[PDB]
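Reviewing the structure listed below.
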2 protein chains.
Amino acid sequence: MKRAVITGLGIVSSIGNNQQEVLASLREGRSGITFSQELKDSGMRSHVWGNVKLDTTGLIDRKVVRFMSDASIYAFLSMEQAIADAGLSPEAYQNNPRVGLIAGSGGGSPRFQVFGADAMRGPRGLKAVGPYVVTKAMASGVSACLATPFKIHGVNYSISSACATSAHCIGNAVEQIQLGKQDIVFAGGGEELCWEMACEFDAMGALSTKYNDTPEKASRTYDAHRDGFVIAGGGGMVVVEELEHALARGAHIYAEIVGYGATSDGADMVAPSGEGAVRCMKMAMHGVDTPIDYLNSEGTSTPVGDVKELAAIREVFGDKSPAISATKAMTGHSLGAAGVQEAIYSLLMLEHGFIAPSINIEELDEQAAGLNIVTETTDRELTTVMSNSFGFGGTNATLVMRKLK
Amino acid sequence: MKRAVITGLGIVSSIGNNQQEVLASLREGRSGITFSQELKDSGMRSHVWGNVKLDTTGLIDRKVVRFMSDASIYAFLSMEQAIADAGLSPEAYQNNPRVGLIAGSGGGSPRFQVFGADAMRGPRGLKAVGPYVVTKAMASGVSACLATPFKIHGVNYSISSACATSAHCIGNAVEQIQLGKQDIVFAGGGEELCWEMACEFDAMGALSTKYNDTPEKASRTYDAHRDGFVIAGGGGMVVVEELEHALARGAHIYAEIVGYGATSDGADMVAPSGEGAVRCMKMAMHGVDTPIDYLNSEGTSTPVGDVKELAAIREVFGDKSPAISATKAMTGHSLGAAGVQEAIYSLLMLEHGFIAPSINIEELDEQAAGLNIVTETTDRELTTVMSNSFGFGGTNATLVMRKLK
Ligand SMILES: [N+]
Ligand SMILES: [N+]
């Protein structure tokens, strides 16, 4: 029913402005978290975040970047990398009805929305707002701002599902390939980092605040002393392609997506049920004859969420649990981008034969009884990896990637 | 392959709070547009809007509504209606893995993003923000605030695509059914109506500003003196159900979704290319052996967009021009909620045998010289109908619905 593989990837995150710098952080277990004067100044309780250490000035043409917000900028630079890394040229993916793009952001653009309102409420009104805000503020800014400049002609929309946003874009891209509708679909997303949005999460008490003095130690998934997640920003993009088409062009193939799970909890608004995650991982694992060697969990670094996922994993596997690591302990939570960025970390691990360490665990949580929680970079021969993404609204996404035959 | 049908629908729009109210408005060409003091006081040049005439206070459990924004409220009340109209009992759709939800909004909640920022900058800081701003402001709010209370266990996420949003949610739900992954998928969308989001359209010059004195005359698609669209809010939801599942339970079936097109322009950020729309409609018409009796056009009432759509239609049908009307002339533009609301108008026209009028056409633009644009309510036995939805970012969606035997 048509198979789907990844033929290229691109990424911009708190731990790397490309897959090279990223692979390096993953191996040394480098933290992307830094104290942020912006957050502390806004009056927040959280003073840390996984910021992108990149000066994007001049990296994008003036007539293009003028419609974009940081989530569009981070996803656009990621799409440039994935295109090159996929070995694709304009002639092959542009003005091609069979090449699409499905990417989005978890929160559109709080920053430009507040800028519009603030500017509008000033003496210059509409003239201060300017004619470029709609595209920066709209929820589909990440897919709109890339499909136009990259001249995409197939599918063009953004899936939004909070923290599982970019995992669903990929899953949806696969279904496009499976349905025989598209030969290639660029899938992923981005997310800006600003107080405007982070203050909403702190007001909800979901961001760690007891470690503003040891930033690199704030995100500490599965540690009995975790107190919430560290907000992060960035972008990511993967080239999802139909198998025959990619073998035909002699493309590099990182892996085949043999599993995609999308489920709903129908329970709580801001906390996972666990019952949903269980069914979600199982749906993804359905059909996959190879065991899951590694699992990049959601591991948000929150008291409730972490404990829930652990029980869920123990329910799906039990004793025969795969290696597990919460890359968020070092990268933070890029919210909408977390899905694609974590699918990439999973691919790099599968590609280079290793397992990133779950860092900052000065004391494991009782809820992680018989689970293989890797806490040190371990060289292993991976064949089948799994990534879990959970978001508010009890929305769940699970992806299973396996090395080709 | 599996077939998808519509078995229930629900709606809250500027022209009606339920299908009956709306049917009557369409039948009689009644405008849902009014003068807005809120837009005039904000400093905007456009002072007209398609507002929902309904105080929603108390129609939703306080426990639930505390997490919602106006886009979620409109879509949630639409769903209650759809569930009832489809004759679905709670045990029939609740906690059911084969029942999902796909519904989004175009901008989430500009109002609440700004609230968080205005609050955070005040003397109360975080204490004034509150722990409910997140689910209100996020892009997936519409799907999260509905999936949870209705105990949805299947698919759960939003699709954002500016003005094509809910149309893509519908197409996606069909895809879920064609892939055999779900039996029912509530598809739809919601949009809030506020100056925060509106001024942004006005600073772009996309809103009508010359008819503030004569509100119901502002929205005039295909009229030589049109000058932009009238912003509007509201919500809509339809029940997409697998054909065998619907017939088995003796469900009332409005029509089958026989065609679905999703395409990209890869040209201009805010103006339609026309070329992408031509492909979008031909894609949706693939395999459909019956002619299109009525076309509910995008018809935003804009100088450029109205022209481009008429050109696309000309190319698609040639001399076999079907009946055409732009319901937006009387409803305004509900952005993210437009796709599901206009499919519903179309369904009601197909269900009751009539063609709503394209009002306000005092002087037919030259571009439409050779077309069958209906300006007076005309009774007629329709069988197959199409509805176009185009949005910024060059995103395109087309739905073709057909009566069943
Ligand atoms: N993950
Ligand atoms: N339409």
Side-chain angles (χ1 to χ4, degrees), chain A residues 42-43 45 67 95 97 100 104-108 110 113-114 116-117 120 125-126 129-131 133-135 137-140 143-144 147-148 150-162 168 175 179 196 199-205 262-264 266-269 279 392-395, chain B residues 42-43 67 95 97 100 104-108 110 113-114 116-117 120 125-126 129-131 133-135 137-140 143-145 147-148 151-162 168 175 179 196 199-205 262-264 266-269 276 279 392-395:
Chain A
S42 84
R45 291 182 301 197
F67 295 91
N95 311 321
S105 65
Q113 260 304 157
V114 180
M120 187 62 205
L126 305 176
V129 170
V133 185
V134 166
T135 53
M138 59 186 216
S140 72
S143 56
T148 298
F150 285 106
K151 316 208 168 296
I152 301 304
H153 273 200
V155 70
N156 167 11
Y157 53 69
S158 305
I159 280 178
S160 305
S161 58
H168 285 117
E175 322 193 88
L179 270 162
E196 288 85 324
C199 74
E200 316 181 331
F201 282 100
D202 193 351
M204 164 174 89
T263 66
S264 186
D268 191 64
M269 280 302 308
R279 289 189 281 105
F392 293 160
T395 184
Chain B
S42 80
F67 288 97
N95 303 315
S105 71
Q113 287 160 52
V114 176
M120 196 68 211
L126 286 168
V129 179
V133 185
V134 175
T135 58
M138 65 185 214
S140 65
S143 56
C145 295
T148 299
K151 313 301 179 44
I152 301 300
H153 274 201
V155 64
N156 169 11
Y157 57 71
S158 298
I159 284 187
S160 302
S161 50
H168 281 127
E175 282 177 341
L179 294 170
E196 287 86 352
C199 62
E200 307 189 333
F201 277 94
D202 202 341
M204 227 197 106
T263 65
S264 186
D268 208 74
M269 273 298 276
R279 285 184 292 108
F392 289 3
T395 168

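Residue numbering restarts at 1 for every chain, and letters A, B, ... go by the order of the sequence lines. As a basis for the values below, the full set of heavy atoms in this structure was taken, side chains included, without hydrogen atoms, waters or symmetry mates.
- Of the residues considered (A:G104, A:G130, A:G107, A:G394), A:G130 shows the highest number of contacts with chain B, using heavy-atom pairs under 4.5 Å.
- Taking CG of A:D268 as the reference point, atom OG1 of B:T148 lies at 7.5 Å (rounded to 0.5 Å).
- For B:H153, the parts lying near chain A are the backbone and the side chain together; criterion is any non-hydrogen pair under 4.5 Å.
- Comparing A:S160, A:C199, A:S42 by heavy-atom pairs within less than 4.5 Å of chain B, the highest count is held by A:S160.
- Residue A:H168 holds its NE2 atom at 11.0 Å from CD1 of B:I159, rounded to the nearest 0.5 Å.
- For chain B, the nearby parts of A:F392 are the backbone and the side chain; heavy atoms of each come within less than 4.5 Å.
- The line from OG of B:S105 to CE of A:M138 is 12.0 Å long, rounded to the nearest 0.5 Å.
- From A:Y157, atom OH reaches atom OG1 of B:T395 across 9.5 Å, with rounding to the nearest 0.5 Å.
- Heavy atoms of B:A137 lying under 4.5 Å from chain A belong exclusively to its side chain.
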I'd like to know whether A:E200 forms a side-chain hydrogen bond (donor to acceptor under 3.5 Å, both in side chains) with B:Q113, so could you lay out the CA-CA distance, the side-chain angles of the two residues, the decisive distance to 0.1 Å, and finally the verdict.
CA-CA 9 Å; A:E200 316 181 331; B:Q113 287 160 52; over 6 Å; no
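- Between the CE atom in B:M269 and the OG1 atom in A:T135 there is a gap of 4.0 Å [rounded to 0.5 Å].
- For A:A147, the parts sitting under 4.5 Å from any heavy atom of chain B are the backbone and the side chain alike.
- In this structure, B:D202 contributes its side chain and A:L126 its backbone to no donor-acceptor pair below 3.5 Å.
- Counting heavy-atom pairs closer than 4.5 Å to chain A, the top residue among B:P110, B:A262, B:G125 is B:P110.
- Contact annotation for B:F201: both backbone and side-chain heavy atoms come within less than 4.5 Å of a heavy atom of chain A.
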